[PDB]
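Q: First to last, the protein sequences are chains X and V.
full-length UniProt numbering applies: residue 253 is where the first sequence begins, and numbers increase by one.
full-length UniProt numbering applies: residue 152 is where the second sequence begins, and numbers increase by one.
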Amino acid sequence: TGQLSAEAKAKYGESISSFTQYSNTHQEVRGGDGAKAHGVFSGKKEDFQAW
Amino acid sequence: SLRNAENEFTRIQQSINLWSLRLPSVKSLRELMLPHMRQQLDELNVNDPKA
């Protein structure tokens with residue numbers, strides 16, 4: 253007559269996340285007038301038409 | 152334990168160009184200079200380097 257119980261438990265967790273985003277854009281316009289030329293950078297047709 | 156990091160950067164450049172002015176460097180250009188500037192130039196005592 254003797255009783256013994258023993259338990260050991262271990263849990264481990266590791267989690268790693270990484271995100272990276274990079275953008276580059278370059279636009280150039282020649283001719284017309286420079287003020288309307290800047291308008292094409294909107295990408296909007298009416299402003300492209302105005303240039 | 153938790154560690155969470157963000158970095159963000161933006162650079163933008165915009166440029167507009169309009170008309171350039173040029174000056175022909177002809178010898179007669181001296182006659183167009185302002186008279187007080189002209190006499191200030193040719194009264195310069197170049198015998199003194201500090202002047």
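Ideal Cβ positions, reconstructed from N, Cα and C, are used throughout, including at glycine.
On the criterion of 16 or more Cβ atoms from any shown chain inside 10 Å, does residue 291 of chain X qualify as buried, or is it exposed?
A: For the purposes of this step, residue 291 of chain X is taken as the residue at position 39 of the first sequence. With 16 or more other Cβ atoms within 10 Å, it is buried.
Q: Run down chain V in chain order and give the residues with a C-beta less than 8 Å from the C-beta of residue 286 of chain X.
A: Position 34 of the first sequence, counting from 1, holds the residue named residue 286 of chain X. Here the neighbours are 167, 168, 169.
Q: Identify whether residue 261 of chain X lies in helix, strand or coil by the three-state DSSP scheme.
A: Looking up residue 261 of chain X in the first sequence gives position 9. Residue 261 of chain X: coil per DSSP, three-state reduction.
Q: Over the uninterrupted alpha helix (DSSP H) stretch that includes residue 199 of chain V, give me the two end residues.
A: For the purposes of this step, residue 199 of chain V is identified with residue 48 of the second sequence, where counting begins at 1. Unbroken run through residue 199 of chain V: none, as it is neither H nor E.
Q: Rounded to the nearest angstrom, how far is the Cβ of residue 302 of chain X from that of residue 167 of chain V, given a contact under 8 Å?
A: Stepping through the first sequence from its first residue, residue 302 of chain X is reached at position 50. Stepping through the second sequence from its first residue, residue 167 of chain V is reached at position 16. That pair is no contact at about 15 Å.
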